[PDB]
Amino acid sequence: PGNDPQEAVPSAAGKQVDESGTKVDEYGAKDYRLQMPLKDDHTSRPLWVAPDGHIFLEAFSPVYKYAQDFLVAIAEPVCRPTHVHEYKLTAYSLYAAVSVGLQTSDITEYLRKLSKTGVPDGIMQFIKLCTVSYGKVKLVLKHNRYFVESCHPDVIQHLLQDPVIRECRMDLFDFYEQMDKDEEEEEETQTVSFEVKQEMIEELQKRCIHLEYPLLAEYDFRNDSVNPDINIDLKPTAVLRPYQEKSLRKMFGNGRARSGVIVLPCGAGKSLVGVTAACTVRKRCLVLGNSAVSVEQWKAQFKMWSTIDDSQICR
Amino acid sequence: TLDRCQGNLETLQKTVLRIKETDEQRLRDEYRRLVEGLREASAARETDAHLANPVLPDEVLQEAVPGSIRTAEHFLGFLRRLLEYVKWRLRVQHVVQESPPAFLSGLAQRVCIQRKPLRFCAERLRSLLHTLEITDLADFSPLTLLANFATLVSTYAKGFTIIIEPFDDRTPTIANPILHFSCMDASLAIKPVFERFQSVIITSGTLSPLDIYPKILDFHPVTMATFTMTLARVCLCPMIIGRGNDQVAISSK
């Protein structure tokens with residue numbers, strides 16, 4: 001219970017999907033995917049927006065338009081089959097709460113701007129901003145500072161609901177120490193961060209945070225300052241490769257507080273980046289192996305690309 | 001240095017003892033001329049081996065021949081100085097102490113006649129060697145250090161700074177203590193420069209904040225920002241790193 005964010009939308013509004021008759025919002029597309037291709041370029045081609053199921057990728061004359069968006073349009077898509085220089089199908093899911101450096105209306109504009117006003121059914125519309133971007137920093141005072149957002153227009157519903165549920169509130173040797181605290185700036189703009197309600201109330205709060213129409217992003221401020229201890233990490237000449245160099249760069253494009261979940265293909269640097277996350281982050285980490293089968297393996301490359309082993313090993 | 005100086009203390013005394021009137025009446029003709037009309041004895045390369053002016057922005061050394069009338073008497077003034085100066089050194093080696101004009105005041109308890117023989121010393125250091133004209137300079141070099149020092153302590157100390165640094169810097173023990181007299185007003189190093197000059201132009205290819213010319217504590221009519229175009233494609237690549245993977249920590253936190 002209390003585990004309900006926005007499930008994947010399309011369930012209805014369609015009957016015998018051969019919409020040779022209706023295709024009404026696709027007729028908005030099929031107007032401009034067809035009115036536009038006359039003089040040797042298409043300037044059209046809406047990714048073949050289909051209301052139910054998913055939509056496609058053009059990817060056959062991408063040039064710059066959809067070849068840039070061979071990747072970038074795929075944020076909420078997943079591109080489930082792969083092909084030759086032709087169309088490419090996908091699916092659709094939860095992947096807007098990952099795409100939180102952008103507004104659901106901002107993509108909707110470019111969802112239209114890709115589609116040459118190939119208009120949504122609305123199915124996506126009633127599923128665009130169901131979860132407004134919102135983070136949960138874990139700042140220096142031992143639990144969390146009640147961060148909201150770069151943008152203000154969300155506390156206006158929140159503080160009119162949340163506190164009426166649950167409130168919130170030598171020289172040169174030390175000169176640089178406040179120069180670090182000087183770097184503790186506005187968190188890109190305004191932050192709007194509040195004070196911990198006694199560390200035992202967030203569980204009571206999180207279940208009601210999502211309860212209106214928001215969703216929360218748990219972070220990990222464990223790198224600049226940390227009050228408990230730090231283990232000895234040491235990356236002994238572990239030269240690695242740009243598939244996983246991009247990975248932690250996606251885990252850290254911001255500051256030192258954001259969690260992460262990354263998919264690799266099989267046989268990839270699985271026991272590398274977590275071992276890289278074991279050492280760079282400066283935490284005291286944990287692996288949850290699938291079986292002891294995993295457990296022997298994952299320490300072994302940890303025994304390889306970390307010299308952290310002086311009975312410092314916990315299987 | 002001081003112990004070597006302590007060693008050539010009585011070393012120079014032996015030169016005084018062996019010379020009875022030969023260089024001594026040479027002094028007597030001209031030390032009278034020091035009293036009568038003040039003029040430096042040499043205008044040639046001797047001044048190169050000589051502290052020209054330790055404290056330049058002063059008026060003149062008018063009442064030379066300070067509270068010191070004889071040479072061994074003047075030598076005793078350094079016996080009154082150095083032996084007290086190690087007394088102002090050796091006990092002080094336990095605590096770093098930053099008291100620039102308080103030192104010379106407590107010195108005035110210890111030094112009998114002060115603030116004139118403090119300032120009128122380094123020439124009378126030199127001039128009583130000038131009637132000798134004997135001692136090799138590298139031998140005499142750690143001594144010229146010392147009569148430079150209290151001369152500087154005599155004149156410019158209330159704006160300036162005395163620092164005593166006995167503890168660990170390349171000495172793991174206390175095996176070489178040191179103190180320093182720093183000035184602080186590079187302005188007052190460059191104020192006489194500016195008064196001697198007309199209006200003179202700094203150019204620094206690094207100086208981005210113009211606000212640090214008032215760290216020189218001075219006035220400026222012309223202080224702007226030179227902007228050049230680059231049709232050379234791109235002058236350079238400045239590249240701030242900030243790694244995210246290996247997690248930049250490049251300042252020594």
# chains A, B, ... in the order shown; residues from 1 in each chain; ligands from 1

$ select_by_dssp --residues "segment 25-196 of chain B" --states "helix (DSSP H, G or I)" --output "ChimeraX atom specification"
/B:25-36,45-49,71-87,90-94,100-110,122-130,137-155,186-196

$ closest_atom_pairs --of "chain A" --to "chain B" --cutoff "10 Å" --atoms "only C-alpha atoms" --output "tab-separated table"
residue	atom	partner	partner_atom	distance
A:176	CA	B:253	CA	7.7
A:177	CA	B:253	CA	7.8
A:180	CA	B:253	CA	8.5
A:223	CA	B:247	CA	8.9
A:224	CA	B:249	CA	9.2
A:235	CA	B:246	CA	9.7
A:244	CA	B:245	CA	9.4
A:245	CA	B:245	CA	6.6
A:246	CA	B:245	CA	8.4
A:247	CA	B:245	CA	8.6
A:248	CA	B:245	CA	5.7
A:249	CA	B:244	CA	5.8
A:250	CA	B:244	CA	9.1
A:251	CA	B:244	CA	8.7
A:252	CA	B:244	CA	5.8
A:253	CA	B:244	CA	6.9
A:254	CA	B:244	CA	8.7
A:255	CA	B:244	CA	8.9
A:256	CA	B:247	CA	9.0
A:273	CA	B:245	CA	9.7
A:276	CA	B:245	CA	8.3
A:277	CA	B:245	CA	8.9
A:279	CA	B:246	CA	9.1
A:280	CA	B:246	CA	6.0
A:281	CA	B:247	CA	7.8
A:282	CA	B:247	CA	9.9

$ closest_residue --among "B:208, B:8, B:105, B:68" --to "residue 121 of chain B" --atoms "only C-alpha atoms"
B:68

$ residues_around --residues "segment 120-133 of chain A" --least-positions-apart "6" --cutoff "10 Å" --atoms "only C-alpha atoms" --output "ChimeraX atom specification"
/A:5-13,23-26,28-29,49-52,92,94,96-105,107-108,111-112,148-151,154,210,212-217

$ write_last_selection --atoms "N, CA and C atoms" --output "short mmCIF file (atom, residue, chain, number, x, y, z; two decimals), in the first residue's frame"
data_model
loop_
_atom_site.label_atom_id
_atom_site.label_comp_id
_atom_site.auth_asym_id
_atom_site.auth_seq_id
_atom_site.Cartn_x
_atom_site.Cartn_y
_atom_site.Cartn_z
N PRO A 5 2.73 5.58 -7.90
CA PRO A 5 2.89 6.68 -8.85
C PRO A 5 2.15 6.40 -10.15
N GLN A 6 2.31 7.27 -11.14
CA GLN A 6 1.58 7.16 -12.40
C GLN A 6 1.98 5.96 -13.25
N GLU A 7 1.08 4.97 -13.33
CA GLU A 7 1.30 3.82 -14.20
C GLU A 7 1.13 4.25 -15.65
N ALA A 8 1.75 3.50 -16.57
CA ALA A 8 1.69 3.70 -18.02
C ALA A 8 0.26 3.84 -18.53
N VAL A 9 0.03 4.87 -19.33
CA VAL A 9 -1.34 5.33 -19.57
C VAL A 9 -2.21 4.46 -20.48
N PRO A 10 -1.85 4.09 -21.72
CA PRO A 10 -2.90 3.82 -22.71
C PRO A 10 -3.60 2.48 -22.49
N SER A 11 -4.92 2.56 -22.41
CA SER A 11 -5.71 1.38 -22.07
C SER A 11 -6.96 1.28 -22.94
N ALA A 12 -7.37 2.40 -23.51
CA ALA A 12 -8.64 2.48 -24.22
C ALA A 12 -8.54 3.48 -25.36
N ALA A 13 -9.70 3.95 -25.83
CA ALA A 13 -9.84 4.96 -26.89
C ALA A 13 -9.19 4.48 -28.19
N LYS A 23 -8.13 7.81 -37.59
CA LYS A 23 -6.74 8.30 -37.47
C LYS A 23 -6.66 9.82 -37.28
N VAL A 24 -7.49 10.33 -36.38
CA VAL A 24 -7.91 11.73 -36.46
C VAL A 24 -6.76 12.65 -36.10
N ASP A 25 -6.07 12.33 -35.01
CA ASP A 25 -4.86 13.07 -34.67
C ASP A 25 -3.69 12.67 -35.55
N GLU A 26 -3.73 11.47 -36.10
CA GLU A 26 -2.76 11.11 -37.11
C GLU A 26 -3.06 11.80 -38.43
N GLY A 28 -3.99 14.83 -38.49
CA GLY A 28 -3.21 16.03 -38.26
C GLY A 28 -1.74 15.85 -38.60
N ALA A 29 -1.15 14.72 -38.20
CA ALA A 29 0.17 14.37 -38.67
C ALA A 29 0.20 14.13 -40.17
N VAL A 49 3.31 8.88 -35.29
CA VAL A 49 2.62 8.90 -34.01
C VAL A 49 1.38 8.01 -34.04
N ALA A 50 1.40 7.01 -33.18
CA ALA A 50 0.29 6.09 -33.00
C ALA A 50 -0.21 6.26 -31.58
N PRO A 51 -1.51 6.42 -31.40
CA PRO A 51 -2.05 6.78 -30.08
C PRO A 51 -1.86 5.70 -29.03
N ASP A 52 -2.30 4.49 -29.33
CA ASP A 52 -2.17 3.39 -28.41
C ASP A 52 -0.86 2.66 -28.66
N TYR A 92 6.76 2.47 -24.46
CA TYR A 92 6.63 3.64 -23.61
C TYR A 92 6.31 3.25 -22.18
N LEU A 94 7.49 4.52 -17.70
CA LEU A 94 7.76 5.42 -16.58
C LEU A 94 8.86 6.44 -16.84
N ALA A 96 9.67 9.35 -17.75
CA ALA A 96 9.69 10.80 -17.68
C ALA A 96 10.18 11.29 -16.34
N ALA A 97 9.97 10.50 -15.29
CA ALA A 97 10.52 10.76 -13.97
C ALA A 97 12.02 10.56 -13.94
N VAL A 98 12.56 9.92 -14.97
CA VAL A 98 13.99 9.98 -15.18
C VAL A 98 14.35 11.26 -15.92
N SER A 99 13.49 11.66 -16.85
CA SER A 99 13.79 12.81 -17.71
C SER A 99 13.32 14.05 -16.98
N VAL A 100 14.08 14.43 -15.95
CA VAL A 100 13.65 15.51 -15.09
C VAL A 100 14.58 16.70 -15.15
N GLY A 101 15.19 16.95 -16.30
CA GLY A 101 15.87 18.20 -16.58
C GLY A 101 15.14 18.99 -17.62
N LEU A 102 13.81 18.89 -17.65
CA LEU A 102 12.98 19.27 -18.77
C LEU A 102 11.54 19.16 -18.33
N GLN A 103 10.68 19.95 -18.94
CA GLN A 103 9.28 19.86 -18.58
C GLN A 103 8.54 18.93 -19.54
N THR A 104 7.55 18.24 -18.99
CA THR A 104 6.65 17.41 -19.77
C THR A 104 5.93 18.20 -20.84
N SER A 105 5.70 19.49 -20.63
CA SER A 105 5.20 20.31 -21.71
C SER A 105 6.31 20.71 -22.67
N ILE A 107 8.91 18.79 -23.64
CA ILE A 107 8.97 17.69 -24.58
C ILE A 107 7.74 17.66 -25.47
N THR A 108 6.55 17.91 -24.90
CA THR A 108 5.29 17.94 -25.64
C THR A 108 5.33 18.93 -26.80
N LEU A 111 7.70 17.15 -28.97
CA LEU A 111 6.88 16.05 -29.44
C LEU A 111 5.96 16.50 -30.56
N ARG A 112 5.44 17.71 -30.46
CA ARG A 112 4.76 18.31 -31.60
C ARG A 112 5.73 18.80 -32.65
N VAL A 148 13.40 21.77 -2.07
CA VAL A 148 12.26 21.62 -2.97
C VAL A 148 12.74 21.50 -4.41
N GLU A 149 13.29 22.58 -4.95
CA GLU A 149 13.42 22.69 -6.40
C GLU A 149 14.14 23.99 -6.71
N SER A 150 14.68 24.07 -7.93
CA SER A 150 15.01 25.35 -8.53
C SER A 150 13.78 26.24 -8.64
N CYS A 151 12.63 25.65 -8.96
CA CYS A 151 11.42 26.41 -9.18
C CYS A 151 10.53 26.40 -7.95
N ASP A 154 5.60 25.28 -6.31
CA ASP A 154 5.23 23.92 -5.91
C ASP A 154 5.10 23.84 -4.40
N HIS A 210 3.95 11.84 -2.34
CA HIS A 210 3.38 11.44 -3.61
C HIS A 210 1.87 11.57 -3.65
N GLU A 212 -0.36 13.82 -3.32
CA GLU A 212 -1.12 14.74 -4.14
C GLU A 212 -0.85 14.42 -5.60
N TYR A 213 0.18 15.03 -6.16
CA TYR A 213 0.55 14.79 -7.55
C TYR A 213 2.07 14.94 -7.81
N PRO A 214 2.86 14.94 -6.73
CA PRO A 214 4.32 15.09 -6.83
C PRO A 214 5.02 13.75 -6.59
N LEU A 215 6.33 13.72 -6.83
CA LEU A 215 7.14 12.53 -6.63
C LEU A 215 8.54 13.00 -6.24
N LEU A 216 9.23 12.19 -5.44
CA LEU A 216 10.41 12.67 -4.72
C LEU A 216 11.68 11.98 -5.18
N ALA A 217 12.79 12.72 -5.20
CA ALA A 217 14.06 12.20 -5.69
C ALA A 217 15.07 12.15 -4.55
#

$ residues_around --residues "residue 198 of chain A" --least-positions-apart "4" --cutoff "12 Å" --atoms "only C-alpha atoms" --output "ChimeraX atom specification"
/A:141-146,166-169,202-205

$ closest_residue --among "B:213, B:156, B:167, B:149" --to "residue 95 of chain B" --atoms "only C-alpha atoms"
B:167

$ atom_distance --atom1 "atom CA of residue 113 of chain A" --atom2 "atom CA of residue 16 of chain A"
28.3 Å

$ closest_residue --among "A:311, A:37, A:284, A:135" --to "residue 226 of chain A" --atoms "only C-alpha atoms"
A:284

$ residues_around --residues "residue 57 of chain B" --least-positions-apart "5" --cutoff "10 Å" --atoms "only C-alpha atoms" --output "list in words"
residues 155, 156, 188, 189, 191 and 192 of chain B

$ decode --residues "segment 30-127 of chain A" --atoms "C-alpha atoms" --output "PDB file, in the first residue's frame"
ATOM      1  CA  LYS A  30      -0.642  12.820 -42.081  1.00  0.00           C
ATOM      2  CA  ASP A  31      -1.547  16.281 -43.280  1.00  0.00           C
ATOM      3  CA  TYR A  32       1.943  17.571 -42.548  1.00  0.00           C
ATOM      4  CA  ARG A  33       3.989  14.410 -43.047  1.00  0.00           C
ATOM      5  CA  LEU A  34       2.528  14.364 -46.548  1.00  0.00           C
ATOM      6  CA  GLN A  35       2.077  18.075 -47.360  1.00  0.00           C
ATOM      7  CA  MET A  36       5.729  18.713 -46.480  1.00  0.00           C
ATOM      8  CA  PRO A  37       7.750  16.111 -48.568  1.00  0.00           C
ATOM      9  CA  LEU A  38       7.838  17.713 -52.014  1.00  0.00           C
ATOM     10  CA  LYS A  39      11.307  19.069 -52.934  1.00  0.00           C
ATOM     11  CA  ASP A  40      13.786  16.249 -52.161  1.00  0.00           C
ATOM     12  CA  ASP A  41      13.470  16.442 -48.353  1.00  0.00           C
ATOM     13  CA  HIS A  42      10.589  15.367 -46.197  1.00  0.00           C
ATOM     14  CA  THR A  43      10.425  18.163 -43.522  1.00  0.00           C
ATOM     15  CA  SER A  44       7.649  15.940 -42.192  1.00  0.00           C
ATOM     16  CA  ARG A  45       7.563  12.392 -40.880  1.00  0.00           C
ATOM     17  CA  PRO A  46       6.027  12.571 -37.422  1.00  0.00           C
ATOM     18  CA  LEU A  47       7.817   9.449 -36.104  1.00  0.00           C
ATOM     19  CA  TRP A  48       4.481   7.885 -37.141  1.00  0.00           C
ATOM     20  CA  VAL A  49       2.618   8.905 -34.013  1.00  0.00           C
ATOM     21  CA  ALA A  50       0.294   6.090 -32.998  1.00  0.00           C
ATOM     22  CA  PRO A  51      -2.055   6.780 -30.083  1.00  0.00           C
ATOM     23  CA  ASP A  52      -2.168   3.394 -28.408  1.00  0.00           C
ATOM     24  CA  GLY A  53       0.773   1.124 -27.839  1.00  0.00           C
ATOM     25  CA  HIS A  54       3.752   3.283 -28.801  1.00  0.00           C
ATOM     26  CA  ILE A  55       5.049   5.425 -31.640  1.00  0.00           C
ATOM     27  CA  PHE A  56       7.986   4.780 -33.930  1.00  0.00           C
ATOM     28  CA  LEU A  57      11.278   6.286 -35.039  1.00  0.00           C
ATOM     29  CA  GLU A  58      11.784   7.495 -38.605  1.00  0.00           C
ATOM     30  CA  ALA A  59      15.579   6.943 -38.625  1.00  0.00           C
ATOM     31  CA  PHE A  60      15.848   6.360 -42.375  1.00  0.00           C
ATOM     32  CA  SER A  61      16.522   9.922 -43.482  1.00  0.00           C
ATOM     33  CA  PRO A  62      17.473  11.242 -40.026  1.00  0.00           C
ATOM     34  CA  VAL A  63      20.271  13.449 -41.424  1.00  0.00           C
ATOM     35  CA  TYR A  64      20.350  15.817 -38.465  1.00  0.00           C
ATOM     36  CA  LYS A  65      16.696  15.961 -37.447  1.00  0.00           C
ATOM     37  CA  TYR A  66      16.059  12.433 -36.183  1.00  0.00           C
ATOM     38  CA  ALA A  67      19.666  11.271 -36.037  1.00  0.00           C
ATOM     39  CA  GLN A  68      20.303  13.702 -33.268  1.00  0.00           C
ATOM     40  CA  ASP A  69      16.999  12.332 -32.043  1.00  0.00           C
ATOM     41  CA  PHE A  70      18.078   8.797 -32.771  1.00  0.00           C
ATOM     42  CA  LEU A  71      19.252   9.260 -29.179  1.00  0.00           C
ATOM     43  CA  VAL A  72      17.621  12.341 -27.746  1.00  0.00           C
ATOM     44  CA  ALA A  73      13.983  11.662 -28.623  1.00  0.00           C
ATOM     45  CA  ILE A  74      14.567   8.323 -26.960  1.00  0.00           C
ATOM     46  CA  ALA A  75      14.241   9.358 -23.358  1.00  0.00           C
ATOM     47  CA  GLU A  76      10.789   8.077 -22.540  1.00  0.00           C
ATOM     48  CA  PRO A  77      11.158   5.620 -25.486  1.00  0.00           C
ATOM     49  CA  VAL A  78      13.306   2.534 -25.109  1.00  0.00           C
ATOM     50  CA  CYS A  79      13.826   1.455 -28.795  1.00  0.00           C
ATOM     51  CA  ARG A  80      12.991  -2.208 -28.197  1.00  0.00           C
ATOM     52  CA  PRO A  81      13.871  -3.549 -31.665  1.00  0.00           C
ATOM     53  CA  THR A  82      16.946  -2.431 -33.572  1.00  0.00           C
ATOM     54  CA  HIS A  83      17.305  -2.273 -37.300  1.00  0.00           C
ATOM     55  CA  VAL A  84      19.155  -1.037 -40.343  1.00  0.00           C
ATOM     56  CA  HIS A  85      18.751   2.549 -41.589  1.00  0.00           C
ATOM     57  CA  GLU A  86      15.001   2.278 -41.517  1.00  0.00           C
ATOM     58  CA  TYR A  87      12.256   2.696 -38.989  1.00  0.00           C
ATOM     59  CA  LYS A  88      12.751   1.671 -35.390  1.00  0.00           C
ATOM     60  CA  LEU A  89      10.018   0.829 -32.929  1.00  0.00           C
ATOM     61  CA  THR A  90      10.034   1.363 -29.178  1.00  0.00           C
ATOM     62  CA  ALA A  91       7.746   1.090 -26.181  1.00  0.00           C
ATOM     63  CA  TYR A  92       6.630   3.642 -23.607  1.00  0.00           C
ATOM     64  CA  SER A  93       6.849   3.637 -19.835  1.00  0.00           C
ATOM     65  CA  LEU A  94       7.758   5.417 -16.584  1.00  0.00           C
ATOM     66  CA  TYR A  95      10.680   7.215 -18.210  1.00  0.00           C
ATOM     67  CA  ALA A  96       9.687  10.798 -17.682  1.00  0.00           C
ATOM     68  CA  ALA A  97      10.516  10.759 -13.969  1.00  0.00           C
ATOM     69  CA  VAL A  98      13.992   9.983 -15.178  1.00  0.00           C
ATOM     70  CA  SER A  99      13.793  12.810 -17.706  1.00  0.00           C
ATOM     71  CA  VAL A 100      13.647  15.512 -15.088  1.00  0.00           C
ATOM     72  CA  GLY A 101      15.868  18.195 -16.578  1.00  0.00           C
ATOM     73  CA  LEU A 102      12.984  19.269 -18.771  1.00  0.00           C
ATOM     74  CA  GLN A 103       9.277  19.862 -18.577  1.00  0.00           C
ATOM     75  CA  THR A 104       6.651  17.405 -19.766  1.00  0.00           C
ATOM     76  CA  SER A 105       5.201  20.310 -21.712  1.00  0.00           C
ATOM     77  CA  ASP A 106       8.651  21.152 -23.077  1.00  0.00           C
ATOM     78  CA  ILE A 107       8.968  17.687 -24.585  1.00  0.00           C
ATOM     79  CA  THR A 108       5.287  17.939 -25.644  1.00  0.00           C
ATOM     80  CA  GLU A 109       6.233  21.000 -27.681  1.00  0.00           C
ATOM     81  CA  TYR A 110       9.074  19.141 -29.324  1.00  0.00           C
ATOM     82  CA  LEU A 111       6.876  16.050 -29.444  1.00  0.00           C
ATOM     83  CA  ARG A 112       4.758  18.306 -31.596  1.00  0.00           C
ATOM     84  CA  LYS A 113       7.773  19.978 -33.211  1.00  0.00           C
ATOM     85  CA  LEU A 114       9.145  16.615 -34.280  1.00  0.00           C
ATOM     86  CA  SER A 115       5.736  15.574 -35.475  1.00  0.00           C
ATOM     87  CA  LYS A 116       5.110  18.731 -37.547  1.00  0.00           C
ATOM     88  CA  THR A 117       2.047  19.407 -35.365  1.00  0.00           C
ATOM     89  CA  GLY A 118       1.292  15.711 -35.464  1.00  0.00           C
ATOM     90  CA  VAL A 119      -1.007  16.113 -32.554  1.00  0.00           C
ATOM     91  CA  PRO A 120      -1.197  13.815 -29.501  1.00  0.00           C
ATOM     92  CA  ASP A 121      -4.269  11.750 -28.866  1.00  0.00           C
ATOM     93  CA  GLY A 122      -4.264  13.304 -25.419  1.00  0.00           C
ATOM     94  CA  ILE A 123      -3.495   9.900 -23.926  1.00  0.00           C
ATOM     95  CA  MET A 124       0.032  11.098 -23.299  1.00  0.00           C
ATOM     96  CA  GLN A 125      -1.375  14.489 -22.292  1.00  0.00           C
ATOM     97  CA  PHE A 126      -3.287  13.028 -19.345  1.00  0.00           C
ATOM     98  CA  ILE A 127      -0.001  11.399 -18.359  1.00  0.00           C
TER      99      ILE A 127
END
